[PDB]
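Notes to accompany the following structure.
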Amino acid sequence: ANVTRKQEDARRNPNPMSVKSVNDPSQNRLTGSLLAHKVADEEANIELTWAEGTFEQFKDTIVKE
Amino acid sequence: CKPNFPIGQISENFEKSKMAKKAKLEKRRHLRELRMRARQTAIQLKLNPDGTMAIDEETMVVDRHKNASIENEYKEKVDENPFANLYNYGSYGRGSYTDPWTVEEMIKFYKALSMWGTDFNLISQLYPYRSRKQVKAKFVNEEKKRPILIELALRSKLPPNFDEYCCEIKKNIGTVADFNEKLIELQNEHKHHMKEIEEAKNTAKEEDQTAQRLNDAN
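Protein chains in written order, with the deposited numbering: chain M, 189 to 204, 214 to 262; chain W, 280 to 319, 360 to 537.
Here it is in structure tokens:
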């Protein structure tokens, strides 16, 4: 509900270019726990077909010793 | 019991001294064979199903050390013996060992000194990997060594025994081009490119004043 509320706020009064950089040994880069949120936002969903089985796996254990 | 080298008592920790000496003799002999042989990374993107046409944030920056570390891994490893680094007055001073001259070189030395008076500029390249400094000293030491064989050369003021006709053209057959006019023609090309960038200079200048004059009106 609020991601639309911020998007309309920009377009009411919109008020206004990338070249490489160098890794420096006197500078830190974001890593650790917030990097896990940087890779948990954009990745491939899988649409599950929810089913109800429970006998195919059951006898699969019975036949195996 | 002569004062040079008796092996005669305990002599603690001489082994590190021993193989250092046998390695410095090995080092200088590999310097001999360099002489004998010489005589003769944009930016990358990808196409996600979620966000297509997205560019990689890690490829935006460069590490500047992974490329250096590849070759540094592929260098030879050696264990430094603190005896090996020894230094004397003959250290860190320019000058090297001159390869001593042969008599096969003297016929190209006497005749090049027979044709001209004494001209060290063009005779340097005749001996391709000899330099201007030590060949000047070869003129100097022969004054004391062979003073009379040099004294025949300046008396000779005539074209010599006509065998230099090959060595007249053996010098000439390297990069056969009319050098009296080869330098002229490409120099005229160079000032043509400078005149064209000078045309590009002022034509960039006149449109710039034209454009911002319109901004001064508005």
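Where a beta carbon is used, it is the ideal one built from N, C-alpha and C, also for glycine.
Which bits of chain A does residue i rub up against, with CB to CB less than 8 Å?
i: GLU239/M; result: Of the protein chains in this structure, namely M and W, none is chain A.
Rounded to the nearest angstrom, how far is the Cβ of residue i from that of residue j, given a contact under 8 Å?
i: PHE439/W; j: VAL454/W; result: 6 Å
i: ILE389/W; j: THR378/W; result: With 8 Å as the limit, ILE389/W and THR378/W do not qualify as a contact, their Cβ atoms being about 18 Å apart.
i: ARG383/W; j: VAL219/M; result: 6 Å
i: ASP398/W; j: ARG314/W; result: Not quite, the Cβ-Cβ distance comes to about 28 Å (not below 8 Å), so this is no contact.
Would residue i be called buried (16 or more neighbouring beta carbons within 10 Å of its own) or exposed?
i: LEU533/W; result: exposed
What is the residue span of the alpha helix (DSSP H) that residue i lies within?
i: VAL459/W; result: 451 to 464
i: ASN220/M; result: Note, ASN220/M: premise wrong, no alpha helix (DSSP H); not H, not E.
i: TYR429/W; result: 422 to 434
i: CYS486/W; result: 483 to 489
i: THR258/M; result: 253 to 260
i: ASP535/W; result: 498 to 536
i: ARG383/W; result: No alpha helix (DSSP H) contains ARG383/W, which DSSP labels as neither H nor E.
i: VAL191/M; result: 190 to 200
i: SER296/W; result: 294 to 318
Would residue i pass as a contact of residue j if the rule is Cβ separation under 8 Å?
i: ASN367/W; j: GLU239/M; result: yes
i: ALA373/W; j: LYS365/W; result: yes
i: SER433/W; j: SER443/W; result: no
i: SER296/W; j: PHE428/W; result: no
i: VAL380/W; j: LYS217/M; result: yes
Checking contacts by CB at 8 Å: is residue i closer than that to chain W?
i: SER215/M; result: yes
i: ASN220/M; result: yes
Closer than 8 Å, CB to CB, is residue i near chain M or not?
i: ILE362/W; result: yes
i: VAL459/W; result: no
i: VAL397/W; result: no
i: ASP375/W; result: no
i: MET425/W; result: no
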